[PDB]
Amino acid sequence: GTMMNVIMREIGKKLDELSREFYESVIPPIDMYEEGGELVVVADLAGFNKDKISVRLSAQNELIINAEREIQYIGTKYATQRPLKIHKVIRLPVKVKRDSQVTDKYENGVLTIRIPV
């Protein structure tokens, strides 16, 4: 549910055995700043397909990042921490114009989003 519950779930773990469920809550970390008249969001979101990443602006001034991937490995599996599904809701600091041109770029695993304000 909450972050606290997510994080407390991992409380007795070593740092190399954190659950997938935890990374599905915590990924992606996000940088946010405003420069040149637009609001810029930057996400570390490695190893997804561009057609499998969705970005959304809510009525509620929330930025929603969605991503999905499938991962199947041949052989003996020892750790499967990399997240399959991502759902990141970001409340926006400053109001964004309803009609706007929004730019995004996905490179080197990094998702950069530019929203005019």
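For every residue, the number given is its place in the sequence shown, counted from 1.
Just going by the entry, 57 to 65 versus 74 to 82 on mean CA temperature factor gives the higher value to 57 to 65.
On average the C-alpha atoms of 89 to 97 have higher B-factors than those of the other stretch, with 11 to 19 and 89 to 97 being the two compared.
Ranking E35, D31, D51, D44 by the C-alpha B-factor listed in the PDB entry places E35 at the top. Sort the chain's modelled residues by C-alpha temperature factor and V110 lands in the lowest third, per the entry.
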